[PDB]
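Using ideal geometry, Cβ is built from the backbone for each residue, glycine included, and neighbour counts are taken over all protein chains shown. Please treat every number below as a calculation from the coordinates, not as lab data.
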Amino acid sequence: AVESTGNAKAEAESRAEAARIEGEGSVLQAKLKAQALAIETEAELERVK
Amino acid sequence: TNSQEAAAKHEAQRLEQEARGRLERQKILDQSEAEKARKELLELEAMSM
């Protein structure tokens with residue numbers, strides 16, 4: 001019981017870790033993507049104007 | 001004297017019986033303690049993985 005629960009807990013917490021780093025990393029990368037799209041669509045809107 | 005022979009023979013068979021059952025019980029005890037130490041070892045192993 002301790003063995004199977006141990007390994008399953010290990011793989012599961014591994015997925016939780018990957019999910020967390022993917023989480024915050026998605027947050028920051030989406031934020032820089034937000035600034036990028038913002039400045040790009042801004043200059044684009046200007047010159048197109 | 002043949003009756004003595006069968007008596008001693010069956011007697012030695014009886015002590016052999018008790019010896020086998022006792023030593024087997026000893027195997028069960030060692031298997032128990034080894035099972036517990038194996039369990040704690042499974043704790044360290046599961047944490048390791």
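Worth a mention:
- Scanning the stretch B:16-49 for residues that are among the hydrophobic types (A, V, I, L, M, F, W, C), out of contact with any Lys or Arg (no Cβ under 8 Å at 6 or more places or on another chain) and within 11 Å of chain A (Cβ to nearest Cβ) returns B:41, B:42, B:44, B:47, B:49.
- So residue A:46, is it more than 14 Å from chain B (Cβ to nearest Cβ) and without any contact (Cβ under 8 Å) to a residue 40 or more places away in the chain: yes
- Any hit, the stretch A:13-21, residues being under 30 Å from residue B:35 (Cβ atoms) and surrounded by 10 or more Cβ atoms within 10 Å (Cβ to Cβ): yes
- Contact map, the stretch A:2-30: first residue assigned to a helix (DSSP H, G or I), second residue among the aromatic types (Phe, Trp, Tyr) and surrounded by 11 or more Cβ atoms within 10 Å (Cβ to Cβ), Cβ cut-off under 6 Å, separation 6 or more or different chains; the map is empty.
- Failed item, numbered, when residue A:9 is tested on (1) among the charged types (D, E, K, R); (2) surrounded by fewer than 10 Cβ atoms within 10 Å (Cβ to Cβ); (3) touching a helix residue (DSSP H, G or I) at 6+ places or on another chain (Cβ under 8 Å): (2)
- Meets criteria (surrounded by fewer than 10 Cβ atoms within 10 Å (Cβ to Cβ) and assigned to a helix (DSSP H, G or I)) for residue A:46: yes
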